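Q: Here's a structure for you.
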Amino acid sequence: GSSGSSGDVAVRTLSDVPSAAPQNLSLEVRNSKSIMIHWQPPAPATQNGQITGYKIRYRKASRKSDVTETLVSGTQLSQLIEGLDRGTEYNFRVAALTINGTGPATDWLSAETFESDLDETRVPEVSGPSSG
């Protein structure tokens with residue numbers, strides 16, 4: 001057989017402001033006018049200080065210039081953004097904030113609301129035991 005691959009990425013920059021953002025970012029669309037935001041806190045090692053809050057900003061796929069500012073609590077890992085329209089794409093982003101100032105922002109995640117009020121249901125799966 002055979003194979004071949006390579007890769008290496010890192011950074012050696014220091015500063016007062018934090019250079020780490022929340023992971024596991026998700027957008028649980030609650031309604032055609034509202035959207036639930038679920039994000040997880042960054043690693044501790046990176047955390048250059050205690051978090052005071054997050055800055056959730058979003059814009060319209062048609063109007064990027066138009067952005068909305070939203071500040072939540074520090075111990076808040078979820079925010080509900082209401083005031084949207086049905087059948088319309090919207091970009092959301094979450095950023096961490098600390099006493100040092102502001103932090104990085106999460107990629108631009110686009111979410112399309114529900115053309116109407118339709119609730120979907122899902123079913124779980126089977127799980128087998130084990131030993132060791």
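Residues in the structure tokens are numbered from 1 in each chain, the chains being A, B, ... in the order shown, and ligands are numbered from 1 in the order shown.
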Name the residues of range 17-80 of chain A that fall into strand (DSSP E or B) according to DSSP on the backbone, using the chain letters and numbers of this document, as a ChimeraX atom specification.
A: /A:23-28,34-40,51-55,57-60,63-68,71,78-80
Q: Find the nearest atom pair between each residue of range 23-52 of chain A and range 56-75 of chain A for residues within 12 Å, count only C-alpha atoms, give distances in Å to one decimal, sort rows by chain and ascending number, and present the table as a Markdown table.
A:
| residue | atom | partner | partner_atom | distance |
| --- | --- | --- | --- | --- |
| A:25 | CA | A:56 | CA | 11.5 |
| A:27 | CA | A:56 | CA | 11.8 |
| A:35 | CA | A:58 | CA | 11.1 |
| A:36 | CA | A:56 | CA | 11.3 |
| A:37 | CA | A:56 | CA | 8.8 |
| A:38 | CA | A:56 | CA | 10.8 |
| A:39 | CA | A:56 | CA | 10.4 |
| A:40 | CA | A:75 | CA | 10.7 |
| A:41 | CA | A:75 | CA | 9.5 |
| A:49 | CA | A:74 | CA | 11.8 |
| A:50 | CA | A:74 | CA | 8.6 |
| A:51 | CA | A:74 | CA | 5.5 |
| A:52 | CA | A:74 | CA | 4.3 |
Q: Which neighbours of range 31-34 of chain A fall inside 7 Å, counting only C-alpha atoms, when residues of the same chain fewer than 4 positions from it are skipped, and could you give them as a list in words?
A: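 These residues fall inside the cut-off: residues 80, 81, 82, 83, 84, 85, 86, 113, 114, 115, 116 and 117 of chain A.
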Q: Could you write out the selected residues, including N, CA and C atoms, as a PDB file, in the first residue's frame?
A:
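Output (result_21.pdb):
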ATOM      1  N   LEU A  80     -32.568  34.257  22.137  1.00  0.00           N
ATOM      2  CA  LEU A  80     -33.686  34.182  21.203  1.00  0.00           C
ATOM      3  C   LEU A  80     -33.854  35.498  20.449  1.00  0.00           C
ATOM      4  N   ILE A  81     -33.648  35.451  19.137  1.00  0.00           N
ATOM      5  CA  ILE A  81     -33.780  36.639  18.301  1.00  0.00           C
ATOM      6  C   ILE A  81     -35.128  36.663  17.589  1.00  0.00           C
ATOM      7  N   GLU A  82     -36.031  37.512  18.070  1.00  0.00           N
ATOM      8  CA  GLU A  82     -37.358  37.631  17.478  1.00  0.00           C
ATOM      9  C   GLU A  82     -37.443  38.859  16.576  1.00  0.00           C
ATOM     10  N   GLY A  83     -38.438  38.871  15.694  1.00  0.00           N
ATOM     11  CA  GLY A  83     -38.611  39.990  14.786  1.00  0.00           C
ATOM     12  C   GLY A  83     -38.075  39.700  13.398  1.00  0.00           C
ATOM     13  N   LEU A  84     -38.408  38.528  12.870  1.00  0.00           N
ATOM     14  CA  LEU A  84     -37.955  38.129  11.543  1.00  0.00           C
ATOM     15  C   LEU A  84     -39.139  37.863  10.620  1.00  0.00           C
ATOM     16  N   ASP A  85     -38.849  37.626   9.346  1.00  0.00           N
ATOM     17  CA  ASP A  85     -39.890  37.354   8.361  1.00  0.00           C
ATOM     18  C   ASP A  85     -39.792  35.919   7.850  1.00  0.00           C
ATOM     19  N   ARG A  86     -40.922  35.375   7.411  1.00  0.00           N
ATOM     20  CA  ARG A  86     -40.965  34.010   6.900  1.00  0.00           C
ATOM     21  C   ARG A  86     -40.299  33.923   5.529  1.00  0.00           C
ATOM     22  N   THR A 113     -35.829  30.804   7.681  1.00  0.00           N
ATOM     23  CA  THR A 113     -37.014  30.627   8.511  1.00  0.00           C
ATOM     24  C   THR A 113     -38.051  29.757   7.810  1.00  0.00           C
ATOM     25  N   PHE A 114     -39.089  29.372   8.546  1.00  0.00           N
ATOM     26  CA  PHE A 114     -40.149  28.537   7.994  1.00  0.00           C
ATOM     27  C   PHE A 114     -41.204  29.389   7.294  1.00  0.00           C
ATOM     28  N   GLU A 115     -41.480  29.061   6.035  1.00  0.00           N
ATOM     29  CA  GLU A 115     -42.467  29.797   5.255  1.00  0.00           C
ATOM     30  C   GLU A 115     -43.764  29.971   6.041  1.00  0.00           C
ATOM     31  N   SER A 116     -43.995  29.074   6.995  1.00  0.00           N
ATOM     32  CA  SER A 116     -45.199  29.125   7.816  1.00  0.00           C
ATOM     33  C   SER A 116     -44.971  28.433   9.157  1.00  0.00           C
ATOM     34  N   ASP A 117     -45.981  28.481  10.018  1.00  0.00           N
ATOM     35  CA  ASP A 117     -45.894  27.859  11.334  1.00  0.00           C
ATOM     36  C   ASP A 117     -46.076  26.348  11.235  1.00  0.00           C
TER      37      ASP A 117
END
Q: Excluding residue 95 in chain A and any residue of its chain fewer than 2 positions from it, enumerate the residues within 6 Å of it, using only C-alpha atoms, and give them as a PyMOL selection string.
A: chain A and resi 21+54-55+103-105
Q: Save the residues we just selected, N, CA and C atoms, as a PDB file, in the first residue's frame?
A:
ATOM      1  N   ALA A  21     -13.352  32.237  20.028  1.00  0.00           N
ATOM      2  CA  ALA A  21     -14.801  32.358  19.929  1.00  0.00           C
ATOM      3  C   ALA A  21     -15.490  31.067  20.355  1.00  0.00           C
ATOM      4  N   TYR A  54     -21.786  37.974  25.534  1.00  0.00           N
ATOM      5  CA  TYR A  54     -21.564  37.681  24.123  1.00  0.00           C
ATOM      6  C   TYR A  54     -22.297  38.682  23.236  1.00  0.00           C
ATOM      7  N   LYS A  55     -21.744  38.933  22.055  1.00  0.00           N
ATOM      8  CA  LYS A  55     -22.344  39.868  21.111  1.00  0.00           C
ATOM      9  C   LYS A  55     -22.901  39.133  19.896  1.00  0.00           C
ATOM     10  N   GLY A 103     -14.236  40.181  21.664  1.00  0.00           N
ATOM     11  CA  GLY A 103     -13.626  38.946  21.207  1.00  0.00           C
ATOM     12  C   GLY A 103     -13.940  38.644  19.756  1.00  0.00           C
ATOM     13  N   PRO A 104     -13.484  37.477  19.277  1.00  0.00           N
ATOM     14  CA  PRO A 104     -13.707  37.048  17.894  1.00  0.00           C
ATOM     15  C   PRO A 104     -15.167  36.701  17.623  1.00  0.00           C
ATOM     16  N   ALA A 105     -15.525  36.618  16.345  1.00  0.00           N
ATOM     17  CA  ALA A 105     -16.890  36.291  15.953  1.00  0.00           C
ATOM     18  C   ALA A 105     -16.939  34.978  15.178  1.00  0.00           C
TER      19      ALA A 105
END
Q: Skip residue 17 in chain A itself and residues of its chain fewer than 6 positions away, then list as a ChimeraX atom specification all residues within 9 Å of it, counting only C-alpha atoms.
A: /A:48-49,97-103
Q: Take the residues from that selection and write them out as a tab-separated table (two decimals), in the first residue's frame, keeping N, CA, C and O atoms.
A:
chain	number	residue	atom	x	y	z
A	48	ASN	N	-8.67	34.34	27.70
A	48	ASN	CA	-7.74	35.32	28.27
A	48	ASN	C	-8.43	36.17	29.33
A	48	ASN	O	-8.17	37.37	29.44
A	49	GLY	N	-9.32	35.55	30.10
A	49	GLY	CA	-10.03	36.26	31.14
A	49	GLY	C	-11.48	35.83	31.26
A	49	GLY	O	-12.00	35.16	30.37
A	97	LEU	N	-17.11	38.34	24.89
A	97	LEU	CA	-16.62	39.62	25.37
A	97	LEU	C	-16.05	39.49	26.78
A	97	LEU	O	-16.57	38.74	27.61
A	98	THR	N	-14.98	40.24	27.06
A	98	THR	CA	-14.35	40.21	28.37
A	98	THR	C	-13.94	41.61	28.81
A	98	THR	O	-14.14	42.58	28.09
A	99	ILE	N	-13.37	41.70	30.01
A	99	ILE	CA	-12.93	42.98	30.55
A	99	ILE	C	-11.86	43.62	29.67
A	99	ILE	O	-11.69	44.83	29.66
A	100	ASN	N	-11.15	42.78	28.92
A	100	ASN	CA	-10.10	43.26	28.03
A	100	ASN	C	-10.70	43.98	26.82
A	100	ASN	O	-10.00	44.70	26.11
A	101	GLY	N	-11.99	43.78	26.60
A	101	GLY	CA	-12.66	44.41	25.48
A	101	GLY	C	-13.63	43.48	24.77
A	101	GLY	O	-14.57	42.98	25.38
A	102	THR	N	-13.39	43.25	23.49
A	102	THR	CA	-14.25	42.37	22.70
A	102	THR	C	-13.51	41.12	22.26
A	102	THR	O	-12.30	41.00	22.47
A	103	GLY	N	-14.24	40.18	21.66
A	103	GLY	CA	-13.63	38.95	21.21
A	103	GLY	C	-13.94	38.64	19.76
A	103	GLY	O	-14.58	39.43	19.06
Q: Which distance in Å separates CA of residue 11 in chain A and CA of residue 47 in chain A, to one decimal?
A: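 Here the two named atoms are 15.0 Å from each other.
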Q: Looking at A:96, A:20, A:29, A:77, which one is nearest to residue 53 in chain A, with distances taken over only C-alpha atoms?
A: A:96
Q: In Å, with one decimal, what is the gap from CA of residue 24 in chain A to CA of residue 126 in chain A?
A: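 It comes out at 24.9 Å.
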Q: How far is it from CA of residue 108 in chain A to CA of residue 87 in chain A, in Å with one decimal?
A: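 We find that CA of residue 108 in chain A and CA of residue 87 in chain A lie 18.6 Å from each other.
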Q: Have a look at A:79, A:120, A:88, A:46 and name the one nearest to residue 14 in chain A; count only C-alpha atoms.
A: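 Selected residue with least distance to residue 14 in chain A: A:46.
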